[PDB]
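Colleague: Pasting a structure below so you can have a look.
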Amino acid sequence: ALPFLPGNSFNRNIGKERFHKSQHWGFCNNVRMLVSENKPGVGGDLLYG
Amino acid sequence: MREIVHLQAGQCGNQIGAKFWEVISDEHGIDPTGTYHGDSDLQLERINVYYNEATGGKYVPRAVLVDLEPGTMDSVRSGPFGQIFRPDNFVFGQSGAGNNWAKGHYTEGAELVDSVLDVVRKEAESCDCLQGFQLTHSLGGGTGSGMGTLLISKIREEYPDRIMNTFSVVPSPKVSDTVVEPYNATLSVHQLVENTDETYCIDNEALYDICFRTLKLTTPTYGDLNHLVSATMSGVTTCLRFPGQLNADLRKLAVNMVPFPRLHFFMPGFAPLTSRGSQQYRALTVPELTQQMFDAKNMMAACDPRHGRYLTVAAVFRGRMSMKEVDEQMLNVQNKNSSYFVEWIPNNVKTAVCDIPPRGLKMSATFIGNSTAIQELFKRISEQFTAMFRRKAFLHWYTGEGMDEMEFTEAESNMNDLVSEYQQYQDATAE
Amino acid sequence: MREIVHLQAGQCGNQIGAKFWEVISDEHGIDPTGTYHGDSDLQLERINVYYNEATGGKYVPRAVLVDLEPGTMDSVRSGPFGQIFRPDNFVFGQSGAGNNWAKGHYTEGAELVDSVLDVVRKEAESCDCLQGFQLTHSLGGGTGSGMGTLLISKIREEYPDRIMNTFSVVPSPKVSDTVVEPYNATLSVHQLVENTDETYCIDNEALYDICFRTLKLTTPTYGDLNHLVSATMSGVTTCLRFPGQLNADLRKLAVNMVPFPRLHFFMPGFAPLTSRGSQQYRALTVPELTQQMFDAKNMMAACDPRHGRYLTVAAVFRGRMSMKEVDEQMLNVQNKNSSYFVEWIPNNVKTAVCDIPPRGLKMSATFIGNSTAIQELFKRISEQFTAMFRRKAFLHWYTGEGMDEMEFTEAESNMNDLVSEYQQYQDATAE
Amino acid sequence: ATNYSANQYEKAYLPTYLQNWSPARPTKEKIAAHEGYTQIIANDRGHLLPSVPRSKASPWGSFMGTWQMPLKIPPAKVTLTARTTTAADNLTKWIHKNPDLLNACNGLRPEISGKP
Amino acid sequence: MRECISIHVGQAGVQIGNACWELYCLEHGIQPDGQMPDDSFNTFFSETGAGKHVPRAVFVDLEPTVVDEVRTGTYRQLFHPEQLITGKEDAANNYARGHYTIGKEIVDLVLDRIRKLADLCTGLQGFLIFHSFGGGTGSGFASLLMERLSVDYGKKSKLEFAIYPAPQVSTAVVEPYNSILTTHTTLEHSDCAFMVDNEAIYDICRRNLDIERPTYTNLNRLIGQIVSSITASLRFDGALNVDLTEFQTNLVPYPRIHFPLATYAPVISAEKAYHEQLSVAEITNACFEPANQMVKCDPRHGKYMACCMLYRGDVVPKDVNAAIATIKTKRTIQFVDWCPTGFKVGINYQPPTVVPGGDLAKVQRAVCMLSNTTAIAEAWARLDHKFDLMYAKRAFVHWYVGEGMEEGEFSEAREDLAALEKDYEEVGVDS
Amino acid sequence: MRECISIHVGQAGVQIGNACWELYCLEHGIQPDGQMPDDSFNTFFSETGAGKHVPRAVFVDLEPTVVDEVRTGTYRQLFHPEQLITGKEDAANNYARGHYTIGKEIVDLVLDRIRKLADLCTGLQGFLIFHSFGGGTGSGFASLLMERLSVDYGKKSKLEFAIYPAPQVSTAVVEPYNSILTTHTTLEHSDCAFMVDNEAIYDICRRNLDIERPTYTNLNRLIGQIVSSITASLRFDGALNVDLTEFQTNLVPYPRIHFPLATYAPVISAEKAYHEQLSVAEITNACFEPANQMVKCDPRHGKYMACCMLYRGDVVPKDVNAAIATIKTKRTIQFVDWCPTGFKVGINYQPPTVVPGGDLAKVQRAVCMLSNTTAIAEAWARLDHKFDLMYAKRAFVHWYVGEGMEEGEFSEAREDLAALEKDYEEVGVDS
Ligand SMILES: Nc1nc2c(ncn2[C@@H]2O[C@H](COP(=O)(O)OP(=O)(O)OP(=O)(O)O)[C@@H](O)[C@H]2O)c(=O)[nH]1
Ligand SMILES: Nc1nc2c(ncn2[C@@H]2O[C@H](COP(=O)(O)OP(=O)(O)OP(=O)(O)O)[C@@H](O)[C@H]2O)c(=O)[nH]1
Ligand SMILES: Nc1nc2c(ncn2[C@@H]2O[C@H](COP(=O)(O)OP(=O)(O)O)[C@@H](O)[C@H]2O)c(=O)[nH]1
Ligand SMILES: Nc1nc2c(ncn2[C@@H]2O[C@H](COP(=O)(O)OP(=O)(O)O)[C@@H](O)[C@H]2O)c(=O)[nH]1
Ligand SMILES: [Mg+2]
Ligand SMILES: [Mg+2]
């Protein structure tokens, strides 16, 4: 419960496992795009929204 | 009115740029969805400087995230403020350079630089009056140090009068994370002296010290490092967004920091950094703010200014201060240590005051300083480059791109006239 | 305003200063937390002399703790008044000097001299009008006697006119706790005699004498000893912190005490020291102060002034008294004991009165006397120096540090020139 | 190879502060500038040209093992404070007897202080 | 996006394939049937209509029985039947039979199968090609494969993991003839190599993991860990992501010297982790202990020209720079004169997973190091010694001439290695 | 931070290490598994990745069975397995095999384990080294390790606890040869010594501890008490703490005289302590008694040159000084002329702990003493007497020469000890 400032930040990554990454972005029909809006974030967990 | 287009290049540029946008978003009260949730009216009086309007009361950063490798940008997408950036701004190729300046500037950059130019030319023509662009990258890489330099080369031809700043990261002496670092460093600064209004030299190893001894963090990750550099990029354009007793902007330092067009390498530093045990024993005053500002440990570059002479100084301030005190300190520091300040310019220092402090803090300040101690960073890099380039080490990768050997020869030559012309001004008589 | 930066070097320097900061915290009503909980106004009127200010009604001492071994600093921080000190002011290396003056003054004491110069420069420029500095150390040690002499030689060059006191500890003949003690004591007075404004010669066996005989403590710890020394360090500057009928300071005593620049060694002494039983039969009067004041067994050095001539004498009284009785009592001892006062200076005694008594006590006084009976100390050391130095013993430790041998020969010469110069003012004709 | 200077931050990288409690590499505190560019000194595959002068040092470093190291090594700490004139000399000659030991990377760099 | 194809060759390559491709199933959670019971597996697997994921691998051998075990093991349904390519008759420890007579039969078939894996992927990053210098297929056919892969893909990376002959033990007599000839191909048709002999891992396993009676399945697992940490930054996010093209540029100073050395640490058992603290200092010193290189050579007798570091797990830029700086301040290490900054640093997030039935304990941080050194020059001198004394009297030559290659290749192959040994010497001479 | 590494060598080293480290666990509170059910323990123990404290010790022996008794003892889990280093075959009472042939085998391995231990230390004070003059491994290897330790660690102290052979009793015939040869090698590669012969501890335990049939454990407990009090000032606070550097400088007056004599007091039984009060004066007179030295030499046959005092328990600084004054005023204790002040006093607070089943009754106060004197020169005289009459007939030297050391090394080694006696003569002569 702290205001955002240099030195006021604590990682939540301690003890978190499965730092997997999704394949957001990528080419379809030779066009750069965000392929699929429904992929989860890092950790295989749902994003915001 | 006065808009800033935030350029961005490479992994260093993206992780710096990802932290930067959330930092001013807290300043302007923009939630991860993107809508206004702040309270005060001055939090919406100059939001068009960085944000672009979209339907439904949404604010869109005027960012252009560029990277040859598509996968650094999904980590940008998967962050807290991930879905605030428009996907059409994301530009990426298919094959990276691999710390190879030659790949990113000549062969694979030339295929990607068409598409980014369409983005910025759309962003430029959107706003009425641009103040100028702003790019964050690193000199020891392949895309930011590579393509990112060809971008700056092209904009200055198109847009000669607008300003163009760079919060670059220069490689460090003690620890190096790339063996072809001095090859990319010299091939890049040669571009920076020719087409750039301002450059800010940041070194991660100088950021490493401050997290250790001034904040006393036990495990400072790269997020805290990216927080420090973003706290500086906020401090330079803050008077452009909030009112002040004594106003300033990005051009007000440009004319006033650069005595000759070749010398635009400055050394930033952030004042109100105190360890969480030191907050108990301190006093929030302006005399303390100038004391920590000018201390050589507080610098975020890799050279001691006590070796050289301070050409010009710019100290911008935040928070509602009394202006006798912010003026008597700067006369005090110019007088007491007269040897470190050049004589042919009396009154080397520039001051500015912004009433609105950073969010959650009472008083703050940001230091910009031009000194003849940056020359060691070129002197050290040059001989780190001569010792490598003599033996034709790692040259087949670079000469396999078809470039001749004489660009390197004119790369060190344009580095080495600088250090001579930099050193002449240090050894200059007043009368 | 009129400030003092308390230096602190070595194990003796720290445990003396840890008691000293506790002593004056009670006078100024400071809790272990660091806030003011006193009652009278005068307890917070001139607190800026020793304490720096901070947010929240907090006061941090203006102290600089220095030690080469971290072991002494840990026990200071773990005391009751251990968290009061600011964490930045702690400065310390990794390995000790091992009672080697040469090790502490040249080889490792030099790596630590850059940082202690930064903290001292930090505290010196905060205070607007710095009266001077103050150091406490021991001459038989490795860092207090060692690096502690290097600081003095450096700070004099930067701040020449400012006063420089040292409450050093001189070795004792009857029992010695260091074998190589004569070498460090000789090589440091030679620093002291050139670079010092006043010097107090506190001796531990004299303190052992007082605790056993005067106060009659069965078990006097070193804390009780450190109470005795501090009770003098308060009395030198009490006229600086509280108003009185006739004020003084360091410079009023310094100007009036040393008739020649070479001779600045005095003996302290504290007047109202009574045992437990003796307290029943007493009556607080000014003559009872003076009777114990000049008694030779109250001295905290190992030299009896009945063997020499009192060059000039100070007495700083503390309490609400009469200016007639204080003046008549320094008159009576100046006439009864005619021979022990020099003949070429009339009225060899300097007096001052401060109204506010020490806390919990009604009346007190402090003794600072300069006499020729202090050459009894320097001749005493030199015999223990030439005895060891004839056989070149305990020397490979010293000459292995890279120092040469003429330093010992001149240091004895400067020491032996001093006593020959001290002797001639004992045997002096007026007319 | 060459260790440069962090200038203000050199205290952070001293050998003992980095928990390396052995003899360590030197620090190049000052450097000069080179006017103009530099000529190519090696051909392809990193071979030096015929015309350039080369060092006489061994191309494979200089490291001594236990069986290669001399059987009677004088100490590093030598202090001539009370030695007789000849006892000073046999110690000094003893150190200088084997030039290979002092020159190796793992070999000791002695300290000598004082005169008999 | 990033995708890689593994081109495992030979009985060495196939058995390595079982160990690594099991590890890629546990890392991603793929069941042995081939479905996940989130798109993080595209670089190695590839999905189909049925939801199954087929590996991006091509197992090749010239004899059936090793691959036949794979076709009926646990993962029989995991692999596509078409990619496990075999042959009716093998080379039988013969380069010529595996390069000119039997290889040309099935060369065309596999070059069609590689293309049918190439077109599925959009962004190819490179080919990881695994073979052995000893056997006929791993030496002969794998040498043909690189020759025909060079022409079809000019720019694509071709990584070459290899098993080099052990200095003392070898399971073949004619093997030095095999090793000499194939080094033509891995000199001009390869980009990087990772030669590793088994006797070093035999020594490392029994010294560190306490397994006194190892087997090839024990050895296959550590090689699976080495390839895993190479592509981890490609697979999961990191503070400093390092790509395949990154460390190809920053490991090879000259096109003929592209032969780095692998080094993995920590490699310790579960009992030996119960007593031992693991910190980034304690494992990065292990990368430079000469007892842990997976080739029997000592870097203390040579000098490093490039070192690439691959961190993984709970690691901080705190400890990375402190450990690297401590490495540099060591007189034991030797760097070539032209390479002052010879470090490439990669930091990843996902800690290494543990296979059940393995030997290592599960740990929070690890490292892999790739160090091009000139101390490998000693390996060829012994190799050219043994090839010399066999070829001086024409032993085993009738086997190779009968297959249908000229004997002039034998003498020519000896001279190229004769020139290559002098190459590793001239980089050792400083000016 | 105060830290010591123990390098115990040989059966005497291992059996002393069992008794010494059993004291340290009970002293801090570590359970035998390694779990503490205060950072003070860092001087000996090191925190790990499970919550343990593993010692900073290196047990080495050339015969396995002495170390195997540790590996199956109570403390099998406290010690890290890597630290206990053994070998197949032992030196078998032979300097040559311990120094040139079989000692050289494991000199590389134990140097690596020491390096890793020294890497973990933050500030290491020195190296504590326990061995014997009699055994081949305790003398031959320890001489080789000392010589190779100095080149690796030039400045750091190398203390030598050791077992000097007896005048009358003996476990060996050849030990005059082994004891002569090791002082010549270690005369220039050592800093201090505390030689203790076993009969001198044997008679003390008989006379004072009632144990008329002692064993080596009762001696090893007493040896541990000496080592406990030396490092006590590092572990817990005191009024006057001492280091390892402090007492090496004040006990070695000349470069070749580094053989003090240890003494402990009080040592009385529980039934004998009931009748006798123990004060400071009582036990400090016991430290000078000829009947209580653990070297069989009466210092009435010589003169003290330096005395190091180590007080511990319920002790008062005033009573340490009243004791020393009495000690000086008695010509039975005679001092050299060139050391008028020959004392080095340290004061510690924590009373010494008692192991259950031991010998000493637990006591409130205790004293330790390290007195360097020339009454050891007679001990060298009898050793040359035992070295001569064996050397005339060239007995036993066929063993030494057959191992690989020349006979000319026998004559030079005895010649140096011929000079060392004359060294001990000149300092004992008064001018
Ligand atoms: N490190 C390691 N080496 C292996 C392994 N399996 C086989 N080898 C090596 O392979 C060599 C023998 O050649 P192979 O690869 O088995 O056979 P090949 O390549 O198909 O050639 P041919 O036998 O003629 O068919 C031996 O020298 C081994 O060193 C393994 O699992 N690990
Ligand atoms: N004080 C004491 N002395 C011991 C102890 N153990 C052995 N010694 C002495 O050590 C001498 C023999 O050397 P050891 O330590 O037993 O054996 P070593 O050092 O391994 O040398 P080698 O026997 O040749 O292998 C004997 O003469 C004993 O006096 C012990 O526990 N305490
Ligand atoms: N300050 C900072 N520097 C970074 C960060 N990430 C990488 N770097 C620096 O960037 C350099 C490598 O960047 P690189 O990925 O090669 O940039 P690119 O080639 O343009 O993609 C290294 O020297 C790092 O020190 C970060 O998050 N913060
Ligand atoms: N009077 C007094 N003397 C002290 C105290 N603490 C230490 N000393 C003296 O300091 C001397 C040793 O100082 P030392 O530790 O060697 O100083 P350092 O080497 O600079 O750390 C001893 O002779 C002690 O008598 C104290 O609290 N009071
Ligand atoms: Mg085969
Ligand atoms: Mg033995």
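Chain lettering (A, B, ...) mirrors the order of the structure tokens, residue numbering begins at 1 for each chain separately, and ligand numbering begins at 1 in order of display.
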Could you build a table of the residues in chain E lying no more than 12 Å from ligand 3, giving for each the nearest pair of atoms and their separation in Å rounded to one decimal place, using only C-alpha atoms and all ligand atoms, ordered by chain and ascending residue number, as JSON lines?
Modeller:
```
{"residue": "E:233", "atom": "CA", "partner": "ligand 3", "partner_atom_place_in_ligand_line": "15 (O)", "distance": 11.8}
{"residue": "E:238", "atom": "CA", "partner": "ligand 3", "partner_atom_place_in_ligand_line": "6 (N)", "distance": 9.4}
{"residue": "E:239", "atom": "CA", "partner": "ligand 3", "partner_atom_place_in_ligand_line": "6 (N)", "distance": 6.3}
{"residue": "E:240", "atom": "CA", "partner": "ligand 3", "partner_atom_place_in_ligand_line": "6 (N)", "distance": 5.7}
{"residue": "E:241", "atom": "CA", "partner": "ligand 3", "partner_atom_place_in_ligand_line": "15 (O)", "distance": 6.9}
{"residue": "E:242", "atom": "CA", "partner": "ligand 3", "partner_atom_place_in_ligand_line": "15 (O)", "distance": 7.6}
{"residue": "E:243", "atom": "CA", "partner": "ligand 3", "partner_atom_place_in_ligand_line": "15 (O)", "distance": 9.4}
{"residue": "E:245", "atom": "CA", "partner": "ligand 3", "partner_atom_place_in_ligand_line": "19 (O)", "distance": 11.0}
{"residue": "E:246", "atom": "CA", "partner": "ligand 3", "partner_atom_place_in_ligand_line": "16 (O)", "distance": 8.1}
{"residue": "E:247", "atom": "CA", "partner": "ligand 3", "partner_atom_place_in_ligand_line": "16 (O)", "distance": 11.0}
{"residue": "E:249", "atom": "CA", "partner": "ligand 3", "partner_atom_place_in_ligand_line": "16 (O)", "distance": 11.8}
{"residue": "E:250", "atom": "CA", "partner": "ligand 3", "partner_atom_place_in_ligand_line": "16 (O)", "distance": 11.4}
{"residue": "E:317", "atom": "CA", "partner": "ligand 3", "partner_atom_place_in_ligand_line": "25 (O)", "distance": 9.6}
{"residue": "E:320", "atom": "CA", "partner": "ligand 3", "partner_atom_place_in_ligand_line": "25 (O)", "distance": 11.6}
{"residue": "E:321", "atom": "CA", "partner": "ligand 3", "partner_atom_place_in_ligand_line": "25 (O)", "distance": 10.7}
{"residue": "E:341", "atom": "CA", "partner": "ligand 3", "partner_atom_place_in_ligand_line": "23 (O)", "distance": 12.0}
{"residue": "E:343", "atom": "CA", "partner": "ligand 3", "partner_atom_place_in_ligand_line": "23 (O)", "distance": 10.8}
{"residue": "E:344", "atom": "CA", "partner": "ligand 3", "partner_atom_place_in_ligand_line": "22 (C)", "distance": 9.3}
{"residue": "E:345", "atom": "CA", "partner": "ligand 3", "partner_atom_place_in_ligand_line": "22 (C)", "distance": 8.5}
{"residue": "E:346", "atom": "CA", "partner": "ligand 3", "partner_atom_place_in_ligand_line": "12 (C)", "distance": 9.6}
{"residue": "E:347", "atom": "CA", "partner": "ligand 3", "partner_atom_place_in_ligand_line": "6 (N)", "distance": 9.9}
{"residue": "E:348", "atom": "CA", "partner": "ligand 3", "partner_atom_place_in_ligand_line": "6 (N)", "distance": 11.9}
```
Colleague: Residues within 6 Å of ligand 4 should be enumerated using only C-alpha atoms and all ligand atoms and returned as a ChimeraX atom specification.
Modeller: /C:9-12,15-16,99,138,140-145,177,204,222,225-226
Colleague: Filtering to C-alpha atoms, could you give me those residues as a PDB file, in the first residue's frame?
Modeller:
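Just written: again03.pdb:
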```
ATOM      1  CA  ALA C   9      38.342   7.375  16.031  1.00  0.00           C
ATOM      2  CA  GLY C  10      39.087   3.908  17.355  1.00  0.00           C
ATOM      3  CA  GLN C  11      37.750   1.688  20.097  1.00  0.00           C
ATOM      4  CA  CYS C  12      38.668   4.248  22.748  1.00  0.00           C
ATOM      5  CA  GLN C  15      33.203   4.061  23.757  1.00  0.00           C
ATOM      6  CA  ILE C  16      34.209   7.515  24.990  1.00  0.00           C
ATOM      7  CA  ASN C  99      48.060  -1.515  17.360  1.00  0.00           C
ATOM      8  CA  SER C 138      43.867   7.206  22.229  1.00  0.00           C
ATOM      9  CA  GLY C 140      48.308   3.718  22.371  1.00  0.00           C
ATOM     10  CA  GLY C 141      46.043   2.334  19.645  1.00  0.00           C
ATOM     11  CA  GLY C 142      46.258   1.584  15.958  1.00  0.00           C
ATOM     12  CA  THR C 143      43.516   3.666  14.339  1.00  0.00           C
ATOM     13  CA  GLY C 144      42.826   6.386  16.894  1.00  0.00           C
ATOM     14  CA  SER C 145      46.556   6.962  17.230  1.00  0.00           C
ATOM     15  CA  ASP C 177      48.349  -2.686  28.081  1.00  0.00           C
ATOM     16  CA  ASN C 204      43.294   5.915  32.786  1.00  0.00           C
ATOM     17  CA  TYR C 222      34.845   1.479  31.950  1.00  0.00           C
ATOM     18  CA  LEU C 225      35.484   6.037  33.561  1.00  0.00           C
ATOM     19  CA  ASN C 226      33.720   7.320  30.448  1.00  0.00           C
TER      20      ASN C 226
END
```
Colleague: Using only C-alpha atoms and all ligand atoms, find each residue with an atom at most 8 Å away from ligand 5 and format the answer as a list in words.
Modeller: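 Protein and nucleic-acid residues within 8 Å of ligand 5: residues 10, 11, 12, 61, 62, 63, 90, 91, 92, 93, 135, 136, 137 and 138 of chain E.
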Colleague: Keeping only C-alpha atoms, write the selected residues as an mmCIF file, in the first residue's frame.
Modeller:
```
data_model
loop_
_atom_site.group_PDB
_atom_site.id
_atom_site.type_symbol
_atom_site.label_atom_id
_atom_site.label_comp_id
_atom_site.auth_asym_id
_atom_site.auth_seq_id
_atom_site.Cartn_x
_atom_site.Cartn_y
_atom_site.Cartn_z
ATOM 1 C CA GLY E 10 23.426 -41.080 -35.315
ATOM 2 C CA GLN E 11 23.097 -43.373 -32.330
ATOM 3 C CA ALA E 12 24.581 -40.543 -30.295
ATOM 4 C CA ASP E 61 20.375 -43.075 -38.682
ATOM 5 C CA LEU E 62 21.824 -45.435 -41.266
ATOM 6 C CA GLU E 63 20.806 -48.563 -39.329
ATOM 7 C CA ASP E 90 25.058 -48.424 -42.052
ATOM 8 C CA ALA E 91 28.582 -47.055 -42.436
ATOM 9 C CA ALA E 92 30.079 -49.188 -39.624
ATOM 10 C CA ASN E 93 32.659 -46.755 -38.215
ATOM 11 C CA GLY E 135 30.792 -43.252 -35.677
ATOM 12 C CA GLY E 136 30.320 -43.516 -39.410
ATOM 13 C CA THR E 137 26.877 -41.920 -39.554
ATOM 14 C CA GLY E 138 27.657 -39.135 -37.087
#
```
Colleague: Residues within 12 Å of residue 229 (chain C), please, as a tab-separated table (two decimals) with N, CA and C atoms, in the first residue's frame. Count only C-alpha atoms; anything in the same chain fewer than 5 positions from it doesn't count.
Modeller:
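As written to disk, selection-v3.tsv reads:
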```
chain	number	residue	atom	x	y	z
C	12	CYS	N	38.75	3.25	21.69
C	12	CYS	CA	38.67	4.25	22.75
C	12	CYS	C	37.86	5.45	22.30
C	13	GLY	N	37.97	5.82	21.03
C	13	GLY	CA	37.22	6.96	20.53
C	13	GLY	C	35.72	6.73	20.55
C	15	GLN	N	33.81	4.25	22.44
C	15	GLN	CA	33.20	4.06	23.76
C	15	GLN	C	33.28	5.32	24.61
C	16	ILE	N	34.24	6.20	24.35
C	16	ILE	CA	34.21	7.51	24.99
C	16	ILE	C	33.07	8.35	24.42
C	17	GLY	N	32.95	8.37	23.10
C	17	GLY	CA	31.95	9.23	22.48
C	17	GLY	C	30.54	8.70	22.64
C	18	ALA	N	30.39	7.38	22.75
C	18	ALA	CA	29.07	6.81	23.00
C	18	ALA	C	28.54	7.24	24.36
C	19	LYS	N	29.41	7.27	25.37
C	19	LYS	CA	29.03	7.83	26.66
C	19	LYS	C	28.78	9.33	26.56
C	20	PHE	N	29.59	10.03	25.76
C	20	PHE	CA	29.49	11.49	25.71
C	20	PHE	C	28.16	11.94	25.12
C	23	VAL	N	25.57	11.58	27.62
C	23	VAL	CA	25.67	12.55	28.71
C	23	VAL	C	24.90	13.82	28.37
C	136	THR	N	38.13	12.73	19.82
C	136	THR	CA	38.55	11.94	20.97
C	136	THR	C	39.16	10.64	20.47
C	167	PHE	N	40.60	15.31	22.80
C	167	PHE	CA	40.58	14.77	24.16
C	167	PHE	C	41.30	13.42	24.19
C	168	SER	N	42.56	13.44	23.77
C	168	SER	CA	43.30	12.20	23.59
C	168	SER	C	43.59	11.54	24.94
C	169	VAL	N	44.00	10.28	24.87
C	169	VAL	CA	44.36	9.49	26.05
C	169	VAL	C	45.83	9.14	25.94
C	200	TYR	N	44.16	17.80	25.56
C	200	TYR	CA	43.95	17.40	26.94
C	200	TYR	C	44.57	16.02	27.11
C	201	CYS	N	45.30	15.82	28.20
C	201	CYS	CA	45.98	14.56	28.46
C	201	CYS	C	45.24	13.82	29.56
C	202	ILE	N	44.29	12.99	29.16
C	202	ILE	CA	43.53	12.14	30.07
C	202	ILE	C	44.29	10.83	30.22
C	203	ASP	N	44.38	10.33	31.45
C	203	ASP	CA	45.08	9.08	31.70
C	203	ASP	C	44.17	8.16	32.51
C	204	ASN	N	44.22	6.87	32.18
C	204	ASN	CA	43.29	5.91	32.79
C	204	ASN	C	43.68	5.55	34.21
C	206	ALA	N	45.02	7.47	36.38
C	206	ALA	CA	44.54	8.55	37.22
C	206	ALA	C	43.04	8.42	37.47
C	207	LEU	N	42.30	7.94	36.47
C	207	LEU	CA	40.87	7.67	36.67
C	207	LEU	C	40.66	6.49	37.60
C	210	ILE	N	40.96	7.81	41.09
C	210	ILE	CA	39.82	8.56	41.61
C	210	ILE	C	38.67	7.63	41.97
C	222	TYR	N	34.39	0.45	32.87
C	222	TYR	CA	34.84	1.48	31.95
C	222	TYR	C	33.75	2.49	31.63
C	223	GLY	N	32.49	2.13	31.89
C	223	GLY	CA	31.42	3.11	31.75
C	223	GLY	C	31.53	4.23	32.77
C	224	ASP	N	31.92	3.89	34.00
C	224	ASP	CA	32.15	4.91	35.02
C	224	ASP	C	33.32	5.81	34.64
C	234	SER	N	31.62	18.23	28.73
C	234	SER	CA	30.45	19.10	28.82
C	234	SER	C	30.83	20.46	29.38
C	235	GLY	N	31.71	20.49	30.38
C	235	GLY	CA	32.04	21.73	31.07
C	235	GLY	C	32.87	22.69	30.25
C	236	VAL	N	33.58	22.20	29.23
C	236	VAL	CA	34.33	23.10	28.36
C	236	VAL	C	33.39	23.97	27.54
C	267	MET	N	45.70	19.53	31.84
C	267	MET	CA	45.11	18.45	32.63
C	267	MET	C	43.70	18.82	33.03
C	268	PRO	N	42.70	18.02	32.67
C	268	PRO	CA	41.34	18.27	33.14
C	268	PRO	C	41.16	17.89	34.61
C	269	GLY	N	40.00	18.26	35.14
C	269	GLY	CA	39.64	17.93	36.51
C	269	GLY	C	38.24	18.39	36.81
C	270	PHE	N	37.49	17.56	37.53
C	270	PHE	CA	36.09	17.81	37.86
C	270	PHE	C	35.95	17.95	39.36
C	299	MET	N	43.17	15.22	39.97
C	299	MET	CA	43.59	15.31	38.58
C	299	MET	C	43.35	13.99	37.86
C	300	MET	N	43.04	14.08	36.57
C	300	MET	CA	42.88	12.90	35.74
C	300	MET	C	44.05	12.71	34.77
C	301	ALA	N	45.23	13.18	35.15
C	301	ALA	CA	46.48	12.82	34.49
C	301	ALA	C	47.44	12.25	35.52
C	366	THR	N	35.02	23.10	36.55
C	366	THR	CA	35.90	22.37	35.65
C	366	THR	C	37.29	22.99	35.68
```
Colleague: May I have all residues of region 140-343 of chain C that DSSP, computed from the backbone, assigns to alpha helix (DSSP H), given as a ChimeraX atom specification?
Modeller: /C:147-158,181-194,204-209,222-236,238-241,250-257,286-293,323-336
Colleague: With chain E laid on chain F by least squares, using all C-alpha atoms in order, how large is the RMSD?
Modeller: 0.5 Å
Colleague: Show which residues sit within 10 Å of residue 96 (chain D), as an MDAnalysis selection string. Count only C-alpha atoms, and ignore same-chain residues fewer than 6 positions away.
Modeller: chainID D and resid 74 90 102
Colleague: At a cut-off of 8 Å, list the chain B residues touching chain E, using only C-alpha atoms, as a PyMOL selection string.
Modeller: chain B and resi 70-71+75+94-100+174-181+208+219-222+384+387-388+391+393-397
